[PDB]
Each structure stands twice: as structure tokens, then as C-alpha cells.
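Chemist: Chains G, B and A, in that order, are what the protein sequence lines are. Residues in the first sequence are numbered consecutively from 37, following the authors' numbering. Residues in the second sequence are numbered consecutively from 29, following the authors' numbering. Residues in the third sequence are numbered consecutively from 28, following the authors' numbering.
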Amino acid sequence: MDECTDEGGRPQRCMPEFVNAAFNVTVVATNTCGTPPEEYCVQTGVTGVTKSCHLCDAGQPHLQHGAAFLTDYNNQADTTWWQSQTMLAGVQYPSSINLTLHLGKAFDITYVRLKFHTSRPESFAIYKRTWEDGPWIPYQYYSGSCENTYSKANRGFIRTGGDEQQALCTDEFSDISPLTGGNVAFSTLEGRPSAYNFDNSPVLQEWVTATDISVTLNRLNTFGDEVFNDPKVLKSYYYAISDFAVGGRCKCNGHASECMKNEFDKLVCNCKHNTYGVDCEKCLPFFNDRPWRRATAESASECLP
Amino acid sequence: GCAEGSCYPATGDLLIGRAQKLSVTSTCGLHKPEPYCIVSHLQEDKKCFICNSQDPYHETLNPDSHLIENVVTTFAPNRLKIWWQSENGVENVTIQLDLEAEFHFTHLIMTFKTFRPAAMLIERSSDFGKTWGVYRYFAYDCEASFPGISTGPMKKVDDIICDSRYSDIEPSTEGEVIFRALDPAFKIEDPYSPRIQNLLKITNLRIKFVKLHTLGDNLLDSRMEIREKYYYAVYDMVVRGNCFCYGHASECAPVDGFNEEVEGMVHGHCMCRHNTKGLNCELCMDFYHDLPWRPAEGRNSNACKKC
Amino acid sequence: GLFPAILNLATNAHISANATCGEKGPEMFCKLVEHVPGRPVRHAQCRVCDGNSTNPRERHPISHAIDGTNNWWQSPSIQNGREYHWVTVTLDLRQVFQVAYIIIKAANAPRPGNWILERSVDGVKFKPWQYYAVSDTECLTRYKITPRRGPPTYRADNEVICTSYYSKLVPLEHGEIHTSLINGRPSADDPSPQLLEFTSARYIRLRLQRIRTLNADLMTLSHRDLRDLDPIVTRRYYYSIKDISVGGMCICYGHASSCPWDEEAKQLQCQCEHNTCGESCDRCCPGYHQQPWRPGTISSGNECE
Ligand SMILES: *[C@@H]1O[C@H](CO)[C@@H](O)[C@H](O)[C@H]1NC(C)=O
Ligand SMILES: *[C@@H]1O[C@H](CO)[C@@H](O)[C@H](O)[C@H]1NC(C)=O
Ligand SMILES: *[C@@H]1O[C@H](CO)[C@@H](O)[C@H](O)[C@H]1NC(C)=O
Ligand SMILES: *[C@@H]1O[C@H](CO)[C@@H](O)[C@H](O)[C@H]1NC(C)=O
Ligand SMILES: [Ca+2]
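1) Check the Cβ of residue 330(A) against every Cβ in chain G and list those closer than 9 Å, keeping chain order.
2) For residue 230(G) and chain B, any beta-carbon pair shorter than 9 Å?
3) May I ask you to list, following chain order, the residues of the region 224 to 240 of chain A that have a beta carbon less than 7 Å from some beta carbon of chain G?
4) Does the beta carbon of residue 33(A) come closer than 9 Å to any beta carbon on chain B?
5) Tell me whether residue 50(A) counts as near ligand 6, meaning its Cβ is closer than 8 Å to at least one heavy atom of that ligand.
6) Report the three-state DSSP secondary structure of residue 225(B) (helix, strand or coil).
7) So, do the region 284 to 296 of chain B and the region 128 to 147 of chain B have three or more beta carbon pairs nearer to each other than 8 Å?
8) Mind pulling the chain G residues with CB within less than 7 Å of residue 266(B)?
9) Could you check what DSSP says for residue 283(A) in three-state terms: helix, strand or coil?
10) By DSSP's criteria, residue 319(G) is part of a beta bridge. Which residues make up the other side?
11) Quick one: what does DSSP say residue 53(B) is sitting in, helix, strand or coil?
12) Scan the region 267 to 290 of chain G for residues whose Cβ lies nearer than 7 Å to a Cβ of chain B and list them as they occur along the chain.
13) Does any residue of chain A have a CB that is nearer than 9 Å to the CB of residue 198(B)?
14) Give me, in chain order, the residues of the same chain whose beta-carbon lies closer than 6 Å to that of residue 66(B); leave out the 5 immediate sequence neighbours on both sides.
15) List the residues of chain G that residue 257(A) touches, going by C-beta distances under 8 Å, in chain order.
16) For the alpha helix (DSSP H) holding residue 76(A), just list the boundary residues, first then last.
17) Please give the ranges of any beta strand (DSSP E) in the region 35 to 75 of chain A, keeping only runs that are unbroken, at least 3 residues long and fully inside the region.
18) Given a threshold of 16 other Cβ atoms within 10 Å of its Cβ, counted over all protein chains shown, does residue 204(B) qualify as buried or as exposed?
19) Indicate, with yes or no, if ligand 4 has a heavy atom lying under 8 Å from the CB of residue 76(G).
20) Are residue 145(G) and residue 282(G) closer than 9 Å when you measure CB to CB?
21) For a contact defined as C-beta to C-beta under 9 Å, what are the partners of residue 160(G) on chain B?
22) Along the beta strand (DSSP E) that carries residue 244(A), what are the first and last residues, could you check?
23) Going by other Cβ atoms of all chains shown within 10 Å of its Cβ, with 16 needed for buried, is residue 252(A) buried or exposed?
24) Looking at chain A, is there any beta carbon in it that lies within less than 9 Å of the beta carbon of residue 247(G)?
25) Does residue 327(B) pass the burial test, meaning 16 or more other C-beta atoms within 10 Å, or should it be called exposed?
26) Going by beta carbon distance, what residues of the same chain come within less than 6 Å of residue 274(B), once the five residues before and after it are set aside?
27) Between which residues of its own chain and residue 190(B) is the CB-CB distance below 6 Å, once the five residues before and five after are set aside?
28) Flag residue 119(B) as yes when its Cβ comes closer than 8 Å to any non-hydrogen atom of ligand 2, and as no otherwise.
29) Going by Cα to Cα distance, which pick from 144(B), 310(B), 288(B) is closest to residue 202(B)?
30) For the structure I just gave you, are there three or more beta carbon pairs, one from the region 267 to 282 of chain A and one from the region 163 to 182 of chain A, closer than 8 Å?
31) If the criterion is Cβ atoms closer than 9 Å, does the pair residue 153(B) and residue 230(B) meet it?
32) Pull out every residue of the region 210 to 224 of chain G whose Cβ sits closer than 8 Å to any Cβ of chain B, in chain order.
33) Using a Cβ-Cβ distance cut-off of 9 Å, determine whether residue 202(G) contacts chain A.
34) Using beta-carbon positions only, say whether residue 265(B) and residue 138(B) come within less than 9 Å of one another.
35) What do you reckon, is the C-beta of residue 45(A) under 8 Å from a heavy atom of ligand 4?
36) Using the three-state DSSP reduction, which class does residue 182(G) fall into: helix, strand or coil?
In C-alpha cells:
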């Protein structure tokens, strides 16, 4: 749907391509090993190394574990994984180790996925950014201590007619079952009562919009050896995610085909239907015949002169 | 600051150096080898082969060995092709760990081959088999396998319960069973008391099999010609623990009389510091009997005072 | 008495496909949330499906489903049409067996959400065995069947249940489905006579009607224009099956030892041993009018005296 009008005089709704929202973009992470010479190793079943007690080095690309390896082609021949600092830094806070993706425009994010290289964190969550420099709201809460960590009901659900914007807490990924390449995925329209009629739901349309996405790794799942505080035990727990998968489209509210990076070094929607703006939110001043509306499937949502 | 404060011994794998100390009443490849395979084999062009466990495993000469004493952790990239294979139609299978002295056990991970066993339980022995405790119960159906055992969330740190979180029906891709003696979050604090110490120190760990998953095809017959579809098999089991020293030294020297010039084993003899004596440093040494023995916690050395 | 040896019924049987990609020229399929493996340099993350090409990996027909050692066929990408949600797979065993279990595992797609397991004896009438849905709620709304609670158990020998535990999206890659028909039944040890025909069929139909979705299609849908959909957002949705292995016993009441292939009739039939009679070991020879013919049991062969 990269066209405005095919054969008729009136145009139709035009949607952008479903390109990945994390490809070839640098993600900012609070922590990153490599400048400190630090060794670590756990049960080596993840890869097959005899000990895997090597070091994180920033100067060695073949040994670095920074945020660059997080987003990439995700080739199955040689996966690239970002690794945080181990428990030597003591990763258990009221705060957390947070990594945030910057996009520069509102994107129609549909799903979020992660590929845990080493283990699923016991308690972690992923956050939103409705508008630039705006407040954060969460997608979903994965924790085995829903009532203790976030004080929320485990395996929560939203009934019909309720506030579907509010997130939930569930223990779907709490036990470290895969221990290698753990797949966790969340979709924006999962469990929403108004999902079927989402095209006529203003609340979902605004809520699904996102500019930046961050993950709050609250608690790191541990075997239970933290009591001894052994140095080998201390370095045997860490965070490692190999793929940061998030899907979305350049949200111009269905009034543009493609978004092109102009000389301002910022993305702008090539708005059609006599509109201009970051998301085609306003029609041209000469074309204020009718109020602006979302590009519904049935209608075209154009601005007459 | 081991001398000024307290340093705890490093925790490592137990199987390294203890591979020969494995026992089980279920091993294929006996004096009469027999075929053993399961439905839905994908990566192998041939359906299955013959178990031959009369020789220790070799990369090329003996690639079909399935002894319990040859299975190790992922030491080599050939981890995918080393494991032990049980017999046909076995319901009471048991494996155990043999320890020279009392060790500390906290958790074990076993990567199964075909199916997580229907019934799984751990048997505890803190006095070299004189008593027989239990850790936890795993069952596909708790009441069917272990009736009278509570099922659900955590109740107590040291309470035996039955959980189905590790007895699923889709373990083919090297599925493993997670067990933790001490909960990551349900532990209020570290008493370091005999109540928790006697419930954590282990002389001979015991793993028992009570049931095996059935796909329904073998429930209509009692013939030996079809029992080979169902069997237990573990890619690798790893047990992490440390030499018990009451928090005096951060390491244990190799056991005397052992000539293993390898890096990785975990011993059970602690050198004595802060004026103490004994195999595990359980008593103050000479001229320092003035104060009673006390454990070392945090930065408190709690060294025995001179008489 | 003595059932014949186990044989994989799916290996030597014919399989029919309702629709597979590649038969309509080239076809472009993008993995749901992830990129293509890096063998072809490919920013547009679709491997080219094909049906008539020189590269074996390009072609993905159903002739690689069971007979292939490790391969798969994928349903055509919905960009061709929305009607491709309903795809049926037929298992042509050519003879009536005693099916005990079925194994289905995907290759590069989530396990199908809504799909039925229909049996057949006469080749015309089809009776389903188990019902599958994306959620336990969908079982009551769509199939009007109460889903089972906790572990999948049978309250009756001939009961039919709707199980959603095998439709979870968590096993995104190589998701597995293990269906049992005897375990958990009240007459589990002794196969009840009514359970015999319930577990006996000649054709097993793997009717797939709905694909498991991450709400990608629901984000962009056009009810008014059903023939105009965004190719990119729908190319990520398709079925994929890589193994339909099935096992069972020959239906001759366990009065044989094996079921070797017969060159005379091109059919697989057990031998009529243990003093049995008839072409299919389903009768007793003349001279035993005192004892009417009846099938044997597990405990004894029940000779025709
Ligand atoms: C990412 O974008 C930059 C900007 O042009 C380009 O130079 C680089 O090659 C791109 N890398 C990938 C992997 O697409
Ligand atoms: C297992 O059980 C069978 C019969 O129930 C018995 O003959 C056999 O000795 C048992 N073996 C073990 C190791 O318990
Ligand atoms: C396409 O496939 C058909 C069979 O499905 C074949 O007859 C035809 O030659 C093929 N077209 C080619 C190879 O160009
Ligand atoms: C076979 O597929 C077509 C679409 O290609 C669909 O309309 C039809 O319903 C399917 N067959 C059955 C029996 O559902
Ligand atoms: Ca990567």
C-alpha cells in the first residue's frame, strides 16, 4: 500500500512499509562490559566452550559484548549478543539496568521480542515513550513475584469495557527453562477487548503509538548461590540478549507512503492528502474544509480545499 | 581479606573429577546389545542404531557408548552425542552422586534426551545413606504420581512440594529440569544454622525415577518388541557446590593422595586459618582454646583467642 | 493377544496438500519476527519460495513433509489471498489402522492456533478427535467446547476436549504438539471396545484454519477491500509443518507378530497366526460353532475354539 490513488480521482489511505524498528540503529545501554577487564562463566551448555571463562574487552571486536551486537542481522550461523555487567556490580536495585532505543519519530509498534542469550530474567519489563521527552508506560510485566515486585496480580487479564491501556503482570517467562536463546514476545493488541474493532478505537490507536522503547531488567534470575557470595558465583550471573526484535511502521496516520530523512537529521513523513507534519496531524492551511481524521480502511481521510 | 575477615570457598562443578563415582541400575549396551530408539527422529537419516556400552565413549572408535560414568558437562563440542541410554519399559531407575566427604549442594541441572520423566524426585542423604531425605517432587500429574503432596506456589523454604513446571511433554530439544534448593527470593535471610546446614550439606545425593511418559501406543501391549520406544536419557548433568569450610578460606587445596593434575575439580579438605584445626576446621587449634568455636560471617573473623 | 510391530504409518503413506506456496510462480516469505539466515545477503528479509526451480532449498513442497528427512512445506503467504487461512493436510494411509498418537512439529512458524484433528474410515465422513484454539476462551466461543483445566485429561472414554496448551506462541521455532488418545482415559490399561473405533481410522486430516498471530494482520485490515492487503505485514503469517510422524497397530485384534508388506495385493496386512482365520484375521474357521468369534485381549490370545 505505497500508493495514494490507483485509478480514481479520489485517493485512498496509504500505509508505510513494515520495516523492523530496530535494524541498523544504536541502542543506549546503561552498562556495558569491556573497558574493565572482567572474567565470567556459567554452565557452558549455551555454546560448548570447555570453560567459557573469558574476558569482556572493548578493544577487541571479537570479544566485545556491547549494545552493537544487540541489533544486527541475527544470522543463525553466528549470533551476536550484547552482555551487561555481571553480578559483580550487584544488579539488584529499586532501579534497574535499562536499555533504551531512540527512533526520532512516532512509530506504529506492533510487537516486541527479545532473544535471551543466557537466561530469562526472573523479573523484567518493557516500557513506552508516547512522545519525545514524555512519561513512560509499560507493555507487560514478566515476574515470578508479581504481587511482591510490582504489587500486581499474577496472570492478570483485562475484562471487556475496562482500561485496556493499563499493563498486566504474568509469570509466563519466570523459570529459566531454555537457558539458551530464550524467546519472549509481546504484541500490542494482545488481550485487548477492542482489538477486533481497533480501527474504530481511538484509545488503542493513541496507546499503540511509540517513539522510544526501553526494557527494565528488574531482577536477574539466580540459581540460589547468592547466599555464599563466592567470587565464581558472583560472576556466574549476568544479562545477555542477542536479538532486539521490535516491529512497527512509520506512523503518519495512514496519510503518507514513505518517511525520508531531510537535512535536519530528523525523520519526516512525506505526508499526502494535503497534509504536512511529523504524523500528518494537520492539513495545509488552504485545505481546512473538514477536520482531520485517522485514515480508516473504508474512508480515504483527505483534506479538501 | 581472608585473614582480617571471612572468605567463602568458590563453588564449582562436582562431576569434574567424580565421573567414575556414578551408579545406576539402568544401562543399555550390556553383554547383549539391543536397539533403542524413539519416534520423531529428525536430524538423523537412519531411524536408530544399536546401543553398545561395553566400552568407554570415544569420538570415532566407540561413538555409541552410553555409560553413566562417561557423561560429563559440555567439555567438548561433541556434547550433542554423549549421554546414557536406559533400557525398555523401565519405571524404577535411580542414579546417585558419590562424595568423599560432606559437600554443599544447592542445585542440579540435567538436560534430558527424549522426554522429561513423568515422575521426578530427589532423595537426600546427609549421613552417607543412614537416613533418606527428600528435596522436592516433579510430576506431570501430582496426585497420580505422588498423592498427598501440595501443588502450587511456594509455601515454605524447606517444605517438600510437587510441581509440574519441569514435567512437560515437549522437551525434545535438549530440555532440562530446573531445581533450586534455596529459592532466589523466598529466602528471608541467611541463618547459617544447623536447621538449614543439615538440610543443605550432602554426603550422597540420590536421584530416582518413578514414571516415564507414554504416548499411548505402548499401553495396549506388554511385549518386549515395542517397549524400546520409551526410555530415559540425559545429555549431561551438572551439580554445582563448594567445599564446606564454615567461611574461613576462599579455596580448598587438593586432597592428599590424589594425583589429578587437572583444573576444575572441587575437593572437600579446607586448610585451617584464624587459629583453628580439623579436616573442615571445626575446632580451634593449640593454645587458642580460650574461646568456643564460632562461625565466620561477613568481615567478622571471629578467630579463637589465645589461652 | 500379540499386536504387530510398531511402524511409522506416515513414512510409507501418501500425503495430500490443499495449498502450498511455489506452485504459482515465485513467492516471497518473510519470517514472522526475525530475519532470514545470512546465507543470501538480503536486507528484504524474505527467502524466495518457489515450486519449479533448480535450488532444492528454494522449493518447499509437501513432498518434503514426512518423506524428507528434515524439511518442510509452508502455507502460501496470505499476500496471495486471505482465504489461505484454511489449509487441509490429508494422510492417505490406504488402510485402516489403530492410531494411538500423532506428532506435529513446525519448522519456521508458530504452531497453528485453530486446527482440527479429523479421523476417517470410509474416506467420506470425518470425525474430529481433538480441538485446538489460540486461547481457552476461543474453545467456548468458536467450537462451543469447554477447554480442559490444568493437565489435559479425559473425563470419559469417548469424550472430546478443546486443548489450547499446544497452541502457545512461546515455542516460536520448532514448536511441538504431542497428542495422546489413550493416556488419561478411565480405561487406560484395558482398551475399551468403544475406544477401539474412536482410535481407529484410515485417513487422518490435519485441517488448519487459523494461524497463530502476533496481531500484525489486525493492525492493518481492510474489511471493505478484502482483495487489497499490505504484502509486507502479511508475508510474516503462514503455516509450516516439518514432521507428521504417526504410529499405531494393525487392526487384527493382536493375533499376529508383524505386518510385512504383501507383494501380491500391494497392501499391509498382519498374518493370521495363533489359530485364527479369515482374510483379515477377523473370524474363526468353520468347525467352532460352539464359541462365537470375538476379538482377543492383552492377557490371552483367545484362540478360536
Ligand atoms: C546503517 O546505515 C548507515 C548509514 O548510511 C550505513 O552506512 C551502514 O552501512 C548501514 N548498516 C547496515 C548494516 O545496514
Ligand atoms: C523395579 O521393580 C520391579 C518390579 O516392580 C522389581 O522386580 C525390580 O527389582 C525393581 N528394581 C529396582 C531397582 O527398584
Ligand atoms: C513451473 O512448474 C511447472 C510444474 O508445476 C512446470 O511444468 C513448469 O515447466 C515450470 N516453469 C518453469 C520451470 O519455467
Ligand atoms: C482449501 O483451501 C481453500 C483456499 O485455498 C479453502 O477455501 C478451503 O476451505 C480449503 N479446504 C477446506 C476443506 O477447508
Ligand atoms: Ca545480534
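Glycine included, every Cβ here is placed at the ideal spot set by N, Cα and C.
Modeler: Taking the definition as stated:
1) Here residue 330(A) is taken as the residue at index 303 of the third sequence, counted from 1. For residue 330(A), no chain G residue has a C-beta closer than 9 Å to its own C-beta; the minimum C-beta separation is roughly 52 Å.
2) Taking the first sequence and counting its residues from 1, the one referred to as residue 230(G) is at position 194. No, its Cβ sits nowhere closer than 9 Å to a Cβ of chain B.
3) Within the region 224 to 240 of chain A, no residue has a Cβ that lies closer than 7 Å to any Cβ of chain G.
4) On the third sequence, position 6 is the one that residue 33(A) refers to. Yes, residue 33(A) counts as interfacial toward chain B.
5) Ligands present in the displayed structure are limited to ligand 1, ligand 2, ligand 3, ligand 4 and ligand 5, and ligand 6 is not among them.
6) For the purposes of this step, residue 225(B) is identified with residue 197 of the second sequence, where counting begins at 1. Helix at residue 225(B).
7) The region 284 to 296 of chain B is in contact with the region 128 to 147 of chain B.
8) As a first step, residue 266(B) must be located in the second sequence, where it is residue number 238. The contact set of residue 266(B) on chain G, defined by CB atoms closer than 7 Å, consists of 79 in chain order.
9) Residue 283(A) sits at position 256 when you count from the first residue of the third sequence. Coil.
10) Your numbering for residue 319(G) matches position 283 in the first sequence. Beta-bridge pairing links residue 319(G) to 311(G).
11) Here residue 53(B) refers to the residue found at position 25 of the second sequence. Annotated three-state conformation of residue 53(B) is coil, per DSSP.
12) For the region 267 to 290 of chain G, the residues whose beta carbon sits under 7 Å from a beta carbon of chain B are, in order, 267, 268, 269.
13) Sequence index remark: in the second sequence, residue 198(B) carries index 170 (1-based). Residue 198(B) counts as touching chain A.
14) Translated into positions along the second sequence, residue 66(B) becomes position 38. Around residue 66(B): 142, 257.
15) Taking the first residue of the third sequence as position 1, residue 257(A) is located at position 230. Chain-ordered, the chain G residues with CB closer than 8 Å to the CB of residue 257(A) read 37, 51, 54.
16) Position 49 of the third sequence, counting from 1, holds the residue named residue 76(A). For residue 76(A), there is no enclosing alpha helix (DSSP H); the residue is part of the beta strand (DSSP E) that begins and ends at 73 to 76.
17) Listed in chain order, the beta strand (DSSP E) runs fully inside the region 35 to 75 of chain A are 41 to 44, 54 to 57, counting runs of at least 3 residues.
18) The residue labelled residue 204(B) in the question sits at position 176 within the second sequence. Buried is the call here.
19) As a position in the first sequence, residue 76(G) is number 40, starting the count at 1. The nearest non-hydrogen atom of ligand 4 is 8 Å or more from the C-beta of residue 76(G).
20) Against the first sequence, residue 145(G) aligns to sequence position 109. Against the first sequence, residue 282(G) aligns to sequence position 246. Cβ atoms of residue 145(G) and residue 282(G): closer than 9 Å.
21) Start at 1 with the first residue of the first sequence, and residue 160(G) comes out as number 124. Contact note: residue 160(G) does not reach chain B at a C-beta cutoff of 9 Å; the least C-beta distance is about 14 Å.
22) Taking the third sequence and counting its residues from 1, one reaches residue 244(A) at position 217. According to the DSSP assignment, residue 244(A) belongs to no beta strand (DSSP E) but to the alpha helix (DSSP H) extending over 243 to 246.
23) Translated into the one-based positions of the third sequence, residue 252(A) becomes position 225. It is exposed - the Cβ of residue 252(A) has fewer than 16 other Cβ atoms within 10 Å.
24) Along the first sequence, one-based indexing puts residue 247(G) at 211. Chain A, which has no Cβ nearer than 9 Å to the Cβ of residue 247(G), makes this no.
25) Looking up residue 327(B) in the second sequence gives position 299. Exposed: under 16 other Cβ atoms inside 10 Å.
26) Indexing the second sequence from 1 puts residue 274(B) at position 246. Excluding the 5 residues flanking it on each side, residue 274(B) has same chain C-beta neighbours closer than 6 Å at 323, in chain order.
27) Translated into the one-based positions of the second sequence, residue 190(B) becomes position 162. Contacts found: 165, 167, 170, 174, 177, 179.
28) Reading the second sequence from its first residue, position 91 is the one you call residue 119(B). At least one heavy atom of ligand 2 is nearer than 8 Å to the Cβ of residue 119(B), so yes.
29) As a position in the second sequence, residue 202(B) is number 174, starting the count at 1. Comparing Cα-Cα distances from residue 202(B) to each of 144(B), 310(B), 288(B), the minimum goes to 144(B).
30) Too few Cβ pairs lie closer than 8 Å, so no.
31) Start at 1 with the first residue of the second sequence, and residue 153(B) comes out as number 125. Start at 1 with the first residue of the second sequence, and residue 230(B) comes out as number 202. In this structure, residue 230(B) lies closer than 9 Å to residue 153(B) by Cβ.
32) Interface annotation for the region 210 to 224 of chain G against chain B: 211, 212, 213, 215, criterion Cβ-Cβ distance under 8 Å.
33) Counting from 1 along the first sequence, the entry for residue 202(G) is found at position 166. Not a single C-beta of chain A is nearer than 9 Å to the C-beta of residue 202(G).
34) The count along the second sequence starts at 1 and reaches residue 265(B) at position 237. The count along the second sequence starts at 1 and reaches residue 138(B) at position 110. Yes.
35) Position 18 of the third sequence, counting from 1, holds the residue named residue 45(A). Result yes, Cβ under 8 Å from ligand 4.
36) Mapped onto the first sequence, residue 182(G) falls at position 146. In the structure shown, the three-state DSSP call for residue 182(G) is helix.
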